[PDB]
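Structure record follows, encoded as structure tokens.
A quick note on method: Cβ atoms are made from the backbone with ideal geometry, for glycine too, and the neighbour counts reach across all protein chains shown. Read-outs: derived from the displayed coordinates by stated rules, not from any lab.
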Amino acid sequence: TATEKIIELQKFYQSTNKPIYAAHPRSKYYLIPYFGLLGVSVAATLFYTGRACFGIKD
Amino acid sequence: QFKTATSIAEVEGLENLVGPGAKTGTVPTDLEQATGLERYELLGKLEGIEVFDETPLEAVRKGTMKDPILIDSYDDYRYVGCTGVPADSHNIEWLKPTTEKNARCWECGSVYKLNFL
Amino acid sequence: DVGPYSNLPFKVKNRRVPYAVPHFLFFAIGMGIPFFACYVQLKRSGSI
Amino acid sequence: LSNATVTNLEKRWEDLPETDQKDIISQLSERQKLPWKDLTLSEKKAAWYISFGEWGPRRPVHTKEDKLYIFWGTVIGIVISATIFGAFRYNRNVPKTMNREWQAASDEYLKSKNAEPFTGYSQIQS
Amino acid sequence: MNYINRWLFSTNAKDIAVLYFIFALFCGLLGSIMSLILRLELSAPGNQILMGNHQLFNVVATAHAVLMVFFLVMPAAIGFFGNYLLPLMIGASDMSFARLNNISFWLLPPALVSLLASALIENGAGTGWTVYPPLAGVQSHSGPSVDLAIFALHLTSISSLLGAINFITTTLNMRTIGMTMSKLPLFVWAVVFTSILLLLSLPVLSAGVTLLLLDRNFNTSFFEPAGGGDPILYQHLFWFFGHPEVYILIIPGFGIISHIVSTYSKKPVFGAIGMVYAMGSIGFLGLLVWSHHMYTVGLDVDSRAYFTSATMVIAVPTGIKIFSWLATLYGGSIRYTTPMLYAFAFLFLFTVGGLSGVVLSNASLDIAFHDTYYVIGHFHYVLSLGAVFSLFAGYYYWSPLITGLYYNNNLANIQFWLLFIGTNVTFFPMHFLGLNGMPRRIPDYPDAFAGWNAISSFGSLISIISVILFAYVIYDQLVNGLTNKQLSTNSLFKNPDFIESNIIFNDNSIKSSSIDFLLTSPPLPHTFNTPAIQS
Amino acid sequence: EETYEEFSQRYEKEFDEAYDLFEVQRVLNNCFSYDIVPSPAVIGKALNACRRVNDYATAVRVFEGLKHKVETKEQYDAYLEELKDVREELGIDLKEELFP
Ligand code: HEA
Ligand code: HEA
Ligand SMILES: [Cu+2]
Ligand SMILES: [Zn+2]
């Protein structure tokens, strides 16, 4: 209702049965791009550090 | 999530410590916004009750097997460190009293019994 | 389940492959990597 | 409290189970309440061996047959390294300067230009 | 999923120490094989194993320095013994910042990858451990090797800073009910005094390394003398980190020895307040001296006289600790178990390796010993025989309590004697080679330096056999370790006294001065529910 | 700071108030942990204390510790010619007469 949803979200984060970082119905929008792009950032620095040990440049 | 406490006589868990709400246009007070183990200290200190004790061991009287020093615990064991009856004579010796056996402190000799609350 | 084989990250008893192979391969890799590095940098610089 | 249960406990005490050990102690503790000079010699020996004796937690850390094991384990740790280091000693690259007929020509040059006057000069090590 | 949330996404402080131990074992194996590569080349005159390459000799020396200054001694002495034992000694449940403990662990496997990849993409990084400016520029090392090696000294710095702030913040406000900060054990004081130097030393190193990077790749000329800079500045900005660092490696060792001397000799430590004041004095006087590593660079004549005076003063607090250890071992009863063997071999060899430091402190005598193998023989008697011995003693002391599985005594004794003999054969003729005049960092030498180099190549093959026997000791500990407690009475923490009967001793077995040896031995995940009480 | 005539009164008072075997062995263990050897009066109290709690091996092990605390052999035999009516009344046998 009003801007004091503080007395409402404190009855939700308690008794949730899910972890804190994935409890709200908004954490999809933060957690899907971050873990999506992290698996590209790590998979690009393990291709350019093995291509470079063989002497190949760009 | 349930009925809110007013004193610590009506606190049967974390389900009684949410509280009322603040009003629109006011900097809220700690009695209007606190949930967990923070509000429990708050309801203790506005009466005079210290929830988290910081008082050390009894260093007045010794320990006989007939009349032992009673150490209070909510478990079956509690670690007790003896350092003397004038409180700094004995060195630091640690002991574990249990609900089936009493510790006896190999240097000075005090006996400790466990009181299960 | 607290007990003498509960705080370790690897399983030791009641295991399909016996523990000697994962214990030996750890030390084999640990004492075999810095010879591979010397082999690569020797072969990149002409000498055998 | 028979003689067979008490006599010669120095060779049987570590083999009895822990329910035949707590009966001998609880039968010598109602025999010590009697005034002494009424105890047999075997009970006096057993009461000393049960509490103050070389069984259980009063064993030594090192026995006589363990120091021999440590000594002959260190020797077969030194012999292996000598045989490994010998294999990297036959197969060496020996440069031309390490020969006796080359280290005797160096001594004449070090003798003409006076070098090491006080101690010694000698480049010969075969 | 329960594997991930408990050994990868962790909060418990005692479960990160075991991961630190597993990492430290690997990073101490790699450097030891790299040292065996070096010592098998410095055997007889000529070019033996590395065919003609004087690169891939300096790279091996650099990577053997870095993997055991930064990746073995610090993770063992901070992660395995500091994270595990300090909450149990002060009586806390966990650390104050647990996620910072997790990041302080997990910054190190990305630091190993960059260092191992600093030796495959190019000639390599043969700059030495001290990465001096005018050699490590873009005229000798032009490639991604030095850059990826000075990015492995940033992540370790961040990890050490985040661990030190956690250690200081925990011991201030997370103690039990009856402990002031004068009843603390000595190991907690050792961790506090190393954590203050970790705050006060690492910004200078980070600044100097970053300015070297900017000189290499953004053409800034801080340390190039064609634009108005001096290389000597970097030396200042290195060695202000360098001498705190070498006490960071040795202060957590000292306290460990104290516990063993307090335990297996059944006496309390002689003068504990003098010992904590001595550690404070050693920690403070390690920051006011840094220029005794640089006496030949061309300093003033009135500046050498200050740094000879301020260096020999550090002998006075260390003698208090040594003589107090002797006074503790004097009166009591001594039983020779495998921690006390390493304890006895530490009080003699630290003295021998430390008395050489007084000879090198003089500016007149440093003209004959600088960049010479006397320095190497000085600091190997203190690093390999002072810190690694303390680590082995700490492992053989605290491993039955942590793990719950005992070990064979005889094989541990054989390992100790092999380490002793081989390491005393290896580093003693380096003094003779130094006094005769052999310089440092040379693959090939004149033919006069041959004979002692034949003897110092023999002890390394003895020490590697001891490492393999240590591996078998760990394997015999993990398998059938429940049945290795009745073979010997070494498993007992304290012996029965003269008047204490065996029947009385079996009822009351453990007598201690800390909380450590009264726990159940697997330590519980949540070990304190109700608080501990001290009078 | 403690003198002989205060040591040999304080340990008599401590030995004349023990109630169990743990306490007798506790006071006996820290009596032989100073620079002063125990007096013949203190050891005479310790054997009566071992008699009240009814233990035999402790009354033998007291005389064995005197052989290690005392510097020479003549002083040990000077201790045994004055603690003789205590031994032959209670009945305590030494270790070298039992041969255990
Ligand atoms: C491992 C840690 C460590 C330790 C403990 C020390 C200990 C000391 N070090 Fe340091 N030092 C290093 C790390 C360490 N050092 C390293 C790694 C190097 C090599 C440099 C490199 O190349 O990067 C080095 C090299 C080094 C040098 C040579 C620098 C050069 O090559 O020119 C010097 C000289 O001033 C020095 C100083 C000292 C001194 C005076 C001590 C003293 O603290 C030693 C104190 C010990 C005692 C004195 C024993 C006490 C016994 C007593 C009973 C006291 C009796 C009193 C008297 C002797 C008067 N060290
Ligand atoms: C960290 C301290 C340390 C350690 C441990 C060692 C270990 C050894 N070092 Fe030293 N050494 C240095 C300090 C150290 N060194 C430094 C700083 C340099 C660089 C100098 C420079 O760059 O200018 C150097 C370089 C160096 C060189 C090259 C010198 C140069 O190129 O100018 C040599 C060659 O003789 C040598 C000798 C040895 C030998 C034979 C060992 C052997 O002892 C190796 C065998 C190792 C073991 C005996 C211990 C194994 C450890 C574990 C497996 C135990 C794990 C612990 C737990 C389980 C808790 N070292
Ligand atoms: Cu220094
Ligand atoms: Zn006490």
For a quick check: sort E:38, B:117, E:29 by the number of other beta carbons within 10 angstrom, fewest at the front. B:117, E:38, E:29
In square nanometres and to one decimal, what's the mean projected area of the convex hull around the Cα atoms of region E:238-348? 7.8 nm²
Per residue of D:52-61, what is the mean number of Cβ atoms on other protein chains within 10 angstrom of that residue's Cβ? 6
Share of pairwise Cα separations in region E:207-267, more than 18 Å, in percent: 56 percent
Average other protein chain Cβ within 10 Å of Cβ, residues E:51-62: 3
Can you list the HN-Hα couplings for region D:27-40, worked out from phi with the Karplus curve (6.51, -1.76, 1.60; θ = phi - 60°), rounded to whole Hz and with x for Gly and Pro? 10, 8, 9, 9, 9, 7, 6, 5, x, 6, 6, 10, 9, 6
Among the trypsin sites (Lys or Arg not before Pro) in region F:27-83, which ones are in a DSSP loop with at most 11 other Cβ atoms within 10 Å of the Cβ? Mind listing them? F:73
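Hey, any idea what the orientation-averaged projected area of the convex hull of chain E's Cα atoms comes to, in nm²?
Working: hull surface 108.1 nm².
Value for chain E: 27.0 nm².
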Averaged over E:501-508, number of beta-carbon atoms from partner chains that fall within 10 Å: 6
Of the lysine pairs in chain A, how many meet both conditions: Cα atoms under 26 Å apart, and a spacing of 8 or more in sequence or different chains? 4
Euclidean distance between Cα centres, region F:6-63 to region E:95-151, Å: 67 Å
What is the Cα coordinate range of region E:104-169 on the first, second and third principal axes, sorted by size from largest, in whole angstrom? 46, 22, 14
Region D:57-126: Cα Rg divided by the 2.2 N^0.38 Å rule of thumb: 2.20
Within 10 Å, count the other beta carbons around each residue, average over each peptide in E:348-354, D:24-30, D:116-122, and list them highest first. E:348-354, D:24-30, D:116-122
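Indicate the helices, whole DSSP H runs only, in chain E that combine a mean Kyte-Doolittle hydropathy of -0.5 or more with a Cα extent along their long axis of 20 angstrom or more.
In chain E, the long hydrophobic H runs are E:14-39, E:152-173, E:186-217, E:232-248, E:315-331, E:338-361, E:387-403, E:409-427, E:459-478.
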As a test of the definition: which semi-axes, in Å, follow for region E:420-498 when you take the square root of five times each eigenvalue of its alpha carbon gyration tensor? Largest first, please. 43, 16, 8
Hydrodynamic radius by Kirkwood for chain C, inverse mean 1/r across distinct Cα pairs, in Å, is 13.9 Å
What do the square roots of 5 times the Cα gyration tensor eigenvalues come to for chain B, in whole Å, largest first, as semi-axes of the equivalent ellipsoid? 43, 16, 10
Specify the angular offset, from 0 to 90 degrees and rounded to the nearest 10, of the alpha carbon long axis of helix D:64-90 from the longest principal axis of the alpha carbons in chain D. 20 degrees
Just from its helices, what would the mean residue ellipticity at 222 nm be for chain D, if runs of 4 or more DSSP H residues each count -39500 (n - 2.57) and the sum is divided by every residue, rounded to the nearest 500 deg cm²/dmol? -14500 deg cm²/dmol
Take E:113, B:80 and order them by how many other Cβ atoms sit within 10 Å, fewest up front. E:113, B:80
For chain E, what is the mean residue ellipticity at 222 nm derived from helices alone (per DSSP H run of n ≥ 4: -39500 (n - 2.57); sum divided by total residues; nearest 500 deg cm²/dmol)? -18500 deg cm²/dmol
Rounded to two decimals, what is Rg over Rh for the protein assembly as shown when you use alpha-carbon atoms and the Kirkwood radius? 1.02
Work out the P(r) tail for region E:381-535: percent of alpha carbon pairs separated by more than 20 Å, whole number. 65 percent
Förster radius 56 Å - calculated FRET efficiency between residue D:5 and residue B:117, Cβ distance, rounded to 0.05: 0.70
Among the listed pairs B:101/D:33; B:96/E:321; E:267/F:45; D:64/E:266; E:267/E:485; B:66/E:14, those beyond 31 Å (Cα-Cα): B:96/E:321; B:66/E:14
Arrange the following residues from fewest to most other Cβ atoms within 10 Å of their Cβ: D:64, B:113. D:64, B:113
Quick one: work out Rg over Rh on the C-alpha atoms of region E:401-440, Rh as Kirkwood radius. 1.34
Stokes-Einstein D for region E:53-103 (4 °C, 1.567 mPa s, Kirkwood Rh from Cα pairs), in µm²/s, comes to 97 µm²/s
For the residue D:80, residue E:444 Cβ pair and Förster radius 22 Å, calculated FRET efficiency rounded to 0.05 is 0.15
Using the alpha-carbon centroid of each, what span in Å lies between region E:418-478 and region D:34-80? 40 Å
